[PDB]
Amino acid sequence: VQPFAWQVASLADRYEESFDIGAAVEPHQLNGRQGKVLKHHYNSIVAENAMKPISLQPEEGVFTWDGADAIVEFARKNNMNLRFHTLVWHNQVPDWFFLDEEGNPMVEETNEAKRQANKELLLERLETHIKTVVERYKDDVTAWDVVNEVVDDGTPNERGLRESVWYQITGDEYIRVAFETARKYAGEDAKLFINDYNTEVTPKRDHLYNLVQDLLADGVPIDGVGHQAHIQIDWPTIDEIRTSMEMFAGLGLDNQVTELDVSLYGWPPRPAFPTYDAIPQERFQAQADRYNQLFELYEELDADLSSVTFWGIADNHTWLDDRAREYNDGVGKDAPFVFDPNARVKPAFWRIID
Ligand SMILES: [Mg+2]
Ligand code: NA
């Protein structure tokens with residue numbers, strides 16, 4: 001029987017000279033159970049869902065601050081830093097953004113002058129969204145995921161940009177405008193990030209690299225890269241992770257690990273064990289070795305890495321379960337964190353606290 005998360009040394013304290021230790025949270029978890037873990041181990045939080053575009057402005061001019069406000073009040077009360085996720089994304093984003101003045105989707109407009117008008121309108125809606133959100137949470141947010149996942153996993157164009165509605169309408173102008181607007185209202189010391197998954201993987205890594213390089217050359221204020229780090233036990237390699245972070249540091253950018261989880265499975269995540277109890281200890285041990293190697297790298301690169309956030313707290317709640325179930329006919333349990341479903345420590349915790 002492993003000790004509870006509150007009965008062991010703090011992760012935040014352990015890595016105090018190196019980087020923040022973070023967790024993704026929902027409002028329902030800011031009660032005692034998961035609150036005891038959070039206060040003990042973490043000095044930074046992020047909203048798992050409550051600060052995404054549709055979570056804040058579901059309809060034009062109607063704002064839903066309550067979930068986000070609760071998360072911010074917890075950050076304040078418990079003296080935690082706060083990453084904002086996220087100002088721009090092609091998912092969890094409300095439809096009204098992309099409808100023209102006549103209520104029709106902007107993508108199905110052909111007259112080029114009207115497209116130009118719709119592009120301007122879309123950029124102005126974006127700007128007002130960012131303006132409003134930033135003016136509210138300016139003095140609480142310590143890092144901004146300004147745009148999320150704007151680089152494609154393949155190569156549908158030579159710049160490797162994701163061809164979402166944002167891109168279909170504006171090209172890369174939404175990225176520029178997102179950053180420009182956030183700098184403008186958040187201030188000069190606000191740390192503005194571009195966040196993505198598979199930042200360690202070529203060709204995507206090089207497309208991301210080239211993108212931030214082009215925008216920096218045009219004076220677009222990007223202070224850092226967010227590495228989501230939705231990784232596996234043996235993928236990506238430690239050297240691929242290292243190489244990516246070194247590359248972005250060499251552009252004078254900061255690195256942050258933003259959504260870390262160490263899945264027990266490959267991609268796609270099958271076969272998955274049906275339940276937590278059915279997962280063999282063997283697999284938790286392979287996970288612990290991986291974590292040890294991960295955090296030695298992170299600590300080695302602490303000059304260039306300011307924050308390491310896990311995308312959840314304990315193994316009872318993780319979006320990786322959705323993915324497991326998806327690929328195993330509705331049955332699947334992953335276990336990506338250093339704390340188990342009853343908030344007891346796992347082998348992985350011991351390998352990163354030492
Ligand atoms: Mg270790
Ligand atoms: Na650091």
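Note that ligands are numbered from 1 as they come in the structure, with each ligand's atoms numbered from 1 the same way. Note that the numbering runs from 1 along the sequence shown for the chain.
- The atom of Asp302 nearest to the Na ion (ligand 2) is O, with the search restricted to N, O or S atoms.
- A cation-pi arrangement, defined by a distance under 6.0 Å to the six-membered ring centre and an angle within 45 degrees of its axis, is present between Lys204 and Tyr197.
- No cation-pi contact links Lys333 to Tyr276, judged by a cut-off of 6.0 Å to the six-membered ring centre and 45° from its axis.
- For the ring-ring contact (aromatic ring centres under 6.0 Å, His included) with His41, the qualifying choice from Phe349, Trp6, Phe337 is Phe349, the only one to do so.
- The Na ion (ligand 2) has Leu305 among its coordinating residues (N/O/S atom, backbone or side chain, under 3.0 Å).
- For the residue pair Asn195/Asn148, the side-chain donor-acceptor check at 3.5 Å is satisfied.
- Distances shorter than 2.8 Å separate the Mg ion (ligand 1) from the protein N/O/S atoms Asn292 OD1, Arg351 O, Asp354 OD1.
- A 6.0 Å sphere centred on CG of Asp189 holds no more than 12 heavy atoms belonging to other residues, nucleotides or ligands.
- Within the 3.0 Å limit, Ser307 places no N, O or S atom next to the Na ion (ligand 2).
- The local environment of CG in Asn79 is sparse, with at most 12 non-hydrogen atoms from other residues, nucleotides or ligands closer than 6.0 Å.
- In this structure, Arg159 fails the cation-pi test against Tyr167, since its NZ or CZ atom is not both closer than 6.0 Å to the six-membered ring centre and inside 45 degrees of the ring normal.
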